[PDB]
$ cat protein-v1.pdb   # PDB, C-alpha atoms and all ligand atoms
ATOM      1  CA  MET A   1      17.489 -18.700  -9.700
ATOM      2  CA  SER A   2      15.445 -15.993  -7.941
ATOM      3  CA  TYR A   3      15.265 -12.201  -7.389
ATOM      4  CA  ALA A   4      17.572 -12.914  -4.416
ATOM      5  CA  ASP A   5      20.538 -13.574  -6.753
ATOM      6  CA  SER A   6      20.444  -9.903  -7.804
ATOM      7  CA  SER A   7      18.780  -8.149  -4.830
ATOM      8  CA  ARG A   8      19.778  -7.418  -1.221
ATOM      9  CA  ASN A   9      18.280  -6.356   2.089
ATOM     10  CA  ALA A  10      15.002  -8.278   1.429
ATOM     11  CA  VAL A  11      12.386  -8.045   4.248
ATOM     12  CA  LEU A  12       8.584  -8.321   4.583
ATOM     13  CA  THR A  13       6.646  -5.238   5.492
ATOM     14  CA  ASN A  14       2.948  -4.461   6.017
ATOM     15  CA  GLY A  15       2.460  -7.290   8.488
ATOM     16  CA  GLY A  16       4.036  -9.856   6.139
ATOM     17  CA  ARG A  17       2.072  -8.980   3.030
ATOM     18  CA  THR A  18       4.820  -7.060   1.165
ATOM     19  CA  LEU A  19       8.185  -8.244  -0.126
ATOM     20  CA  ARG A  20      10.498  -5.208  -0.163
ATOM     21  CA  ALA A  21      14.074  -5.359  -1.480
ATOM     22  CA  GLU A  22      16.768  -3.435  -3.299
ATOM     23  CA  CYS A  23      17.114  -4.893  -6.788
ATOM     24  CA  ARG A  24      20.116  -4.330  -9.034
ATOM     25  CA  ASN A  25      18.786  -2.846 -12.313
ATOM     26  CA  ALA A  26      20.008  -3.147 -15.932
ATOM     27  CA  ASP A  27      22.782  -0.563 -15.302
ATOM     28  CA  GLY A  28      23.747  -2.035 -11.927
ATOM     29  CA  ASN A  29      22.054   0.596  -9.794
ATOM     30  CA  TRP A  30      20.266  -0.531  -6.632
ATOM     31  CA  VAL A  31      16.624   0.579  -6.570
ATOM     32  CA  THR A  32      13.832  -0.088  -4.041
ATOM     33  CA  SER A  33      11.185  -2.596  -5.148
ATOM     34  CA  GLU A  34       8.118  -3.894  -3.423
ATOM     35  CA  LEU A  35       5.781  -6.771  -4.361
ATOM     36  CA  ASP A  36       2.404  -7.361  -2.685
ATOM     37  CA  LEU A  37       2.609 -11.077  -1.912
ATOM     38  CA  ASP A  38      -1.117 -11.282  -1.268
ATOM     39  CA  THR A  39      -1.532 -10.757  -5.028
ATOM     40  CA  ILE A  40       0.408 -13.905  -5.917
ATOM     41  CA  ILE A  41       0.343 -16.394  -3.033
ATOM     42  CA  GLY A  42      -2.858 -17.947  -1.684
ATOM     43  CA  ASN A  43      -3.754 -20.314   1.094
ATOM     44  CA  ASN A  44      -4.992 -23.575  -0.442
ATOM     45  CA  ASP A  45      -6.387 -25.848   2.275
ATOM     46  CA  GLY A  46      -3.576 -24.804   4.669
ATOM     47  CA  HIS A  47      -0.832 -24.773   1.997
ATOM     48  CA  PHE A  48       0.917 -21.862   0.188
ATOM     49  CA  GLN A  49      -0.328 -21.623  -3.413
ATOM     50  CA  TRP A  50       1.480 -19.739  -6.160
ATOM     51  CA  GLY A  51      -1.015 -17.836  -8.308
ATOM     52  CA  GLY A  52      -3.377 -17.644  -5.313
ATOM     53  CA  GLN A  53      -4.196 -14.500  -3.375
ATOM     54  CA  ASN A  54      -4.598 -13.311   0.189
ATOM     55  CA  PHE A  55      -2.455 -15.827   2.029
ATOM     56  CA  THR A  56      -2.100 -13.313   4.942
ATOM     57  CA  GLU A  57      -5.776 -13.126   5.570
ATOM     58  CA  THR A  58      -5.759 -15.413   8.654
ATOM     59  CA  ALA A  59      -2.126 -16.514   8.569
ATOM     60  CA  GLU A  60      -0.279 -16.524  11.904
ATOM     61  CA  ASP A  61       3.413 -16.273  12.856
ATOM     62  CA  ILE A  62       4.373 -14.948   9.374
ATOM     63  CA  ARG A  63       8.159 -14.731   9.091
ATOM     64  CA  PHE A  64      10.735 -14.461   6.366
ATOM     65  CA  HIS A  65      14.342 -15.734   6.160
ATOM     66  CA  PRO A  66      15.895 -14.099   3.113
ATOM     67  CA  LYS A  67      19.010 -16.362   3.332
ATOM     68  CA  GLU A  68      17.768 -19.430   5.090
ATOM     69  CA  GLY A  69      20.107 -22.367   5.597
ATOM     70  CA  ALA A  70      23.420 -23.211   3.962
ATOM     71  CA  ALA A  71      21.656 -22.976   0.625
ATOM     72  CA  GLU A  72      20.703 -19.342   1.457
ATOM     73  CA  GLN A  73      17.117 -19.644   0.148
ATOM     74  CA  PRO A  74      14.453 -16.961   0.507
ATOM     75  CA  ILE A  75      11.933 -18.824   2.682
ATOM     76  CA  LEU A  76       8.550 -17.471   3.768
ATOM     77  CA  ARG A  77       7.015 -19.351   6.715
ATOM     78  CA  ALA A  78       3.549 -19.094   8.287
ATOM     79  CA  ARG A  79       0.864 -21.023  10.104
ATOM     80  CA  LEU A  80      -1.990 -21.376   7.600
ATOM     81  CA  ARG A  81      -5.665 -22.250   8.204
ATOM     82  CA  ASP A  82      -6.860 -25.417   6.492
ATOM     83  CA  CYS A  83     -10.387 -26.135   5.203
ATOM     84  CA  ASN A  84     -11.229 -27.579   8.622
ATOM     85  CA  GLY A  85     -10.065 -24.429  10.326
ATOM     86  CA  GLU A  86      -6.908 -26.095  11.709
ATOM     87  CA  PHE A  87      -3.562 -24.354  11.446
ATOM     88  CA  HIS A  88      -0.323 -25.923  10.323
ATOM     89  CA  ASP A  89       3.175 -24.493   9.948
ATOM     90  CA  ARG A  90       4.105 -24.180   6.272
ATOM     91  CA  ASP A  91       6.962 -22.873   4.130
ATOM     92  CA  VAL A  92       7.399 -21.698   0.598
ATOM     93  CA  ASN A  93      10.594 -20.823  -1.293
ATOM     94  CA  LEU A  94      10.229 -17.464  -2.945
ATOM     95  CA  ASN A  95      12.067 -18.442  -6.148
ATOM     96  CA  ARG A  96       9.003 -17.827  -8.248
ATOM     97  CA  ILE A  97       9.774 -14.140  -7.673
ATOM     98  CA  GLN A  98      12.211 -12.544 -10.057
ATOM     99  CA  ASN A  99      14.138  -9.260 -10.459
ATOM    100  CA  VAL A 100      13.325  -7.859 -13.935
ATOM    101  CA  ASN A 101      15.351  -4.670 -14.540
ATOM    102  CA  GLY A 102      15.114  -3.499 -10.909
ATOM    103  CA  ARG A 103      11.517  -4.666 -10.230
ATOM    104  CA  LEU A 104      10.243  -7.660  -8.288
ATOM    105  CA  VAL A 105       7.880  -9.694 -10.473
ATOM    106  CA  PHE A 106       6.107 -13.040 -10.185
ATOM    107  CA  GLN A 107       7.072 -15.616 -12.782
TER     108      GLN A 107
HETATM  109  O1  LIG A 201     -10.002 -19.988   5.652
HETATM  110  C1  LIG A 201      -8.901 -20.593   4.998
HETATM  111  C2  LIG A 201      -9.370 -21.738   4.138
HETATM  112  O2  LIG A 201     -10.406 -21.279   3.240
HETATM  113  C3  LIG A 201      -9.993 -21.494   1.907
HETATM  114  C4  LIG A 201     -11.215 -21.763   1.034
HETATM  115  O3  LIG A 201     -10.723 -21.866  -0.287
HETATM  116  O4  LIG A 201      -9.206 -20.444   1.334
HETATM  117  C5  LIG A 201      -9.675 -19.098   1.449
HETATM  118  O5  LIG A 201      -8.796 -18.308   2.270
HETATM  119  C6  LIG A 201      -7.478 -18.072   1.825
HETATM  120  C7  LIG A 201      -6.789 -17.081   2.772
HETATM  121  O6  LIG A 201      -6.707 -17.761   4.008
HETATM  122  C8  LIG A 201      -7.487 -17.567   0.400
HETATM  123  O7  LIG A 201      -6.208 -17.671  -0.152
HETATM  124  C9  LIG A 201      -8.365 -18.460  -0.460
HETATM  125  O8  LIG A 201      -8.255 -17.868  -1.710
HETATM  126  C10 LIG A 201      -9.781 -18.446   0.079
HETATM  127  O9  LIG A 201     -10.635 -19.173  -0.800
HETATM  128  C11 LIG A 201      -9.053 -22.674   2.035
HETATM  129  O10 LIG A 201      -8.260 -22.847   0.883
HETATM  130  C12 LIG A 201      -8.243 -22.264   3.258
HETATM  131  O11 LIG A 201      -7.591 -23.375   3.795
HETATM  132  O1  LIG A 202      21.647  -9.198 -12.341
HETATM  133  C1  LIG A 202      20.607  -8.235 -12.344
HETATM  134  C2  LIG A 202      19.891  -8.295 -13.686
HETATM  135  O2  LIG A 202      19.833  -9.635 -14.190
HETATM  136  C3  LIG A 202      18.575  -9.870 -14.817
HETATM  137  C4  LIG A 202      18.812 -10.428 -16.218
HETATM  138  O3  LIG A 202      17.570 -10.798 -16.780
HETATM  139  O4  LIG A 202      17.757 -10.692 -13.980
HETATM  140  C5  LIG A 202      17.682 -12.124 -14.069
HETATM  141  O5  LIG A 202      18.857 -12.777 -13.584
HETATM  142  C6  LIG A 202      19.207 -12.558 -12.216
HETATM  143  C7  LIG A 202      20.465 -13.347 -11.855
HETATM  144  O6  LIG A 202      21.584 -12.522 -12.146
HETATM  145  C8  LIG A 202      18.038 -12.939 -11.290
HETATM  146  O7  LIG A 202      18.265 -12.514  -9.971
HETATM  147  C9  LIG A 202      16.764 -12.266 -11.774
HETATM  148  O8  LIG A 202      15.660 -12.592 -10.965
HETATM  149  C10 LIG A 202      16.495 -12.623 -13.225
HETATM  150  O9  LIG A 202      15.275 -12.002 -13.566
HETATM  151  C11 LIG A 202      17.938  -8.474 -14.870
HETATM  152  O10 LIG A 202      16.531  -8.450 -14.799
HETATM  153  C12 LIG A 202      18.454  -7.828 -13.610
HETATM  154  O11 LIG A 202      18.279  -6.436 -13.693
END
$ encode --input "protein-v1.pdb" --output "structure tokens" --more "lines below"
Ligand SMILES: OC[C@H]1O[C@@](CO)(O[C@H]2O[C@H](CO)[C@@H](O)[C@H](O)[C@H]2O)[C@@H](O)[C@@H]1O
Ligand SMILES: OC[C@H]1O[C@@](CO)(O[C@H]2O[C@H](CO)[C@@H](O)[C@H](O)[C@H]2O)[C@@H](O)[C@@H]1O
Amino acid sequence: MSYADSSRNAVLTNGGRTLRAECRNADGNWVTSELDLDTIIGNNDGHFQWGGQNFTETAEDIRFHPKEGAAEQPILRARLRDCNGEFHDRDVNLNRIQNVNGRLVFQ
């Protein structure tokens, strides 16, 4: 279960830092919500880290597939710099992000 189950039209903005969606609220209205991903996802030795910060700082080829695959998962993908300064392609499923009454939150 993620925000995606009750949201639509999810994209990244601000150069891949910002998750922006329309989230169905308590009454079933569709309201705009944005979540700064740099506040909740870090780069830990070239891996995405929930509860980290600033993953975009040197990340390259940031992209987002809101409905990736037959499982339709919200997948963020990026090349991330490891402790040795080498980059590797990485992915993280955004199901730690939830829609709470129309707002995108991190749980
Ligand atoms: O330069 C990236 C490389 O440095 C480390 C050191 O901890 O992470 C730093 O940079 C990240 C953004 O790229 C931040 O998320 C992290 O908080 C900051 O310490 C390594 O973890 C990373 O591989
Ligand atoms: O359906 C929208 C409405 O559902 C709630 C109920 O708590 O959200 C939770 O359940 C959804 C699945 O229907 C998830 O998408 C969502 O992330 C989860 O928080 C309300 O918050 C939301 O307004």
$ residues_near_point --input "protein-v1.pdb" --point "(17.2, -18.0, 2.7)" --cutoff "12 Å" --atoms "all atoms listed in the file" --output "short mmCIF file (atom, residue, chain, number, x, y, z; two decimals) with C-alpha atoms, keeping the file's coordinate frame"
data_model
loop_
_atom_site.label_atom_id
_atom_site.label_comp_id
_atom_site.auth_asym_id
_atom_site.auth_seq_id
_atom_site.Cartn_x
_atom_site.Cartn_y
_atom_site.Cartn_z
CA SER A 2 15.44 -15.99 -7.94
CA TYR A 3 15.26 -12.20 -7.39
CA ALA A 4 17.57 -12.91 -4.42
CA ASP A 5 20.54 -13.57 -6.75
CA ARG A 8 19.78 -7.42 -1.22
CA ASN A 9 18.28 -6.36 2.09
CA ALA A 10 15.00 -8.28 1.43
CA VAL A 11 12.39 -8.04 4.25
CA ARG A 63 8.16 -14.73 9.09
CA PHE A 64 10.74 -14.46 6.37
CA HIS A 65 14.34 -15.73 6.16
CA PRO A 66 15.90 -14.10 3.11
CA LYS A 67 19.01 -16.36 3.33
CA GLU A 68 17.77 -19.43 5.09
CA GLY A 69 20.11 -22.37 5.60
CA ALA A 70 23.42 -23.21 3.96
CA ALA A 71 21.66 -22.98 0.62
CA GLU A 72 20.70 -19.34 1.46
CA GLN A 73 17.12 -19.64 0.15
CA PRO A 74 14.45 -16.96 0.51
CA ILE A 75 11.93 -18.82 2.68
CA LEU A 76 8.55 -17.47 3.77
CA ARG A 77 7.02 -19.35 6.72
CA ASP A 91 6.96 -22.87 4.13
CA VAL A 92 7.40 -21.70 0.60
CA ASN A 93 10.59 -20.82 -1.29
CA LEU A 94 10.23 -17.46 -2.94
CA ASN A 95 12.07 -18.44 -6.15
#
$ residues_near_ligand --input "protein-v1.pdb" --ligand "ligand LIG 202 (chain A)" --cutoff "10 Å" --atoms "only C-alpha atoms and all ligand atoms" --output "PDB file with C-alpha atoms, keeping the file's coordinate frame"
ATOM      1  CA  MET A   1      17.489 -18.700  -9.700  1.00  0.00           C
ATOM      2  CA  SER A   2      15.445 -15.993  -7.941  1.00  0.00           C
ATOM      3  CA  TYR A   3      15.265 -12.201  -7.389  1.00  0.00           C
ATOM      4  CA  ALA A   4      17.572 -12.914  -4.416  1.00  0.00           C
ATOM      5  CA  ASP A   5      20.538 -13.574  -6.753  1.00  0.00           C
ATOM      6  CA  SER A   6      20.444  -9.903  -7.804  1.00  0.00           C
ATOM      7  CA  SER A   7      18.780  -8.149  -4.830  1.00  0.00           C
ATOM      8  CA  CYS A  23      17.114  -4.893  -6.788  1.00  0.00           C
ATOM      9  CA  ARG A  24      20.116  -4.330  -9.034  1.00  0.00           C
ATOM     10  CA  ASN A  25      18.786  -2.846 -12.313  1.00  0.00           C
ATOM     11  CA  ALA A  26      20.008  -3.147 -15.932  1.00  0.00           C
ATOM     12  CA  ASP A  27      22.782  -0.563 -15.302  1.00  0.00           C
ATOM     13  CA  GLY A  28      23.747  -2.035 -11.927  1.00  0.00           C
ATOM     14  CA  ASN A  29      22.054   0.596  -9.794  1.00  0.00           C
ATOM     15  CA  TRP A  30      20.266  -0.531  -6.632  1.00  0.00           C
ATOM     16  CA  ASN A  95      12.067 -18.442  -6.148  1.00  0.00           C
ATOM     17  CA  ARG A  96       9.003 -17.827  -8.248  1.00  0.00           C
ATOM     18  CA  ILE A  97       9.774 -14.140  -7.673  1.00  0.00           C
ATOM     19  CA  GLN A  98      12.211 -12.544 -10.057  1.00  0.00           C
ATOM     20  CA  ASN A  99      14.138  -9.260 -10.459  1.00  0.00           C
ATOM     21  CA  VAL A 100      13.325  -7.859 -13.935  1.00  0.00           C
ATOM     22  CA  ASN A 101      15.351  -4.670 -14.540  1.00  0.00           C
ATOM     23  CA  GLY A 102      15.114  -3.499 -10.909  1.00  0.00           C
ATOM     24  CA  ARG A 103      11.517  -4.666 -10.230  1.00  0.00           C
ATOM     25  CA  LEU A 104      10.243  -7.660  -8.288  1.00  0.00           C
ATOM     26  CA  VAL A 105       7.880  -9.694 -10.473  1.00  0.00           C
ATOM     27  CA  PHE A 106       6.107 -13.040 -10.185  1.00  0.00           C
ATOM     28  CA  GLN A 107       7.072 -15.616 -12.782  1.00  0.00           C
TER      29      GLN A 107
END
$ resolve_selection --input "protein-v1.pdb" --expression "the PyMOL selection byres (((chain A and resi 87-90) around 12) and not hetatm)" --output "PyMOL selection string"
chain A and resi 43-49+55+58-64+75-86+91-93
$ axis_aligned_box --input "protein-v1.pdb" --around "ligand LIG 201 (chain A)" --padding-each-side "8 Å" --output "JSON"
{"center_x": -8.7, "center_y": -20.2, "center_z": 2.0, "size_x": 21.0, "size_y": 22.3, "size_z": 23.4}
$ atom_distance --input "protein-v1.pdb" --atom1 "atom CA of residue 38 of chain A" --atom2 "atom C9 of ligand LIG 201 (chain A)"
10.2 Å
$ resolve_selection --input "protein-v1.pdb" --expression "the PyMOL selection byres (((chain A and resi 33) around 6) and not hetatm)" --output "ChimeraX atom specification"
/A:20-22,32,34,103
$ write_last_selection --input "protein-v1.pdb" --atoms "C-alpha atoms" --output "PDB file, keeping the file's coordinate frame"
ATOM      1  CA  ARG A  20      10.498  -5.208  -0.163  1.00  0.00           C
ATOM      2  CA  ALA A  21      14.074  -5.359  -1.480  1.00  0.00           C
ATOM      3  CA  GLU A  22      16.768  -3.435  -3.299  1.00  0.00           C
ATOM      4  CA  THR A  32      13.832  -0.088  -4.041  1.00  0.00           C
ATOM      5  CA  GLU A  34       8.118  -3.894  -3.423  1.00  0.00           C
ATOM      6  CA  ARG A 103      11.517  -4.666 -10.230  1.00  0.00           C
TER       7      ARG A 103
END
$ atom_distance --input "protein-v1.pdb" --atom1 "atom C6 of ligand LIG 201 (chain A)" --atom2 "atom CA of residue 42 of chain A"
5.8 Å
$ atom_distance --input "protein-v1.pdb" --atom1 "atom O1 of ligand LIG 201 (chain A)" --atom2 "atom CA of residue 41 of chain A"
14.0 Å
$ residues_around --input "protein-v1.pdb" --residues "residue 17 of chain A" --least-positions-apart "2" --cutoff "7 Å" --atoms "all atoms listed in the file" --output "PyMOL selection string"
chain A and resi 12-15+19+36-38+56
$ write_last_selection --input "protein-v1.pdb" --atoms "C-alpha atoms" --output "mmCIF file, keeping the file's coordinate frame"
data_model
loop_
_atom_site.group_PDB
_atom_site.id
_atom_site.type_symbol
_atom_site.label_atom_id
_atom_site.label_comp_id
_atom_site.auth_asym_id
_atom_site.auth_seq_id
_atom_site.Cartn_x
_atom_site.Cartn_y
_atom_site.Cartn_z
ATOM 1 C CA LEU A 12 8.584 -8.321 4.583
ATOM 2 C CA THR A 13 6.646 -5.238 5.492
ATOM 3 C CA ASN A 14 2.948 -4.461 6.017
ATOM 4 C CA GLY A 15 2.460 -7.290 8.488
ATOM 5 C CA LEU A 19 8.185 -8.244 -0.126
ATOM 6 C CA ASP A 36 2.404 -7.361 -2.685
ATOM 7 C CA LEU A 37 2.609 -11.077 -1.912
ATOM 8 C CA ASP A 38 -1.117 -11.282 -1.268
ATOM 9 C CA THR A 56 -2.100 -13.313 4.942
#
$ closest_residue --input "protein-v1.pdb" --among "A:40, A:57, A:35, A:16" --to "ligand LIG 201 (chain A)" --atoms "only C-alpha atoms and all ligand atoms"
A:57
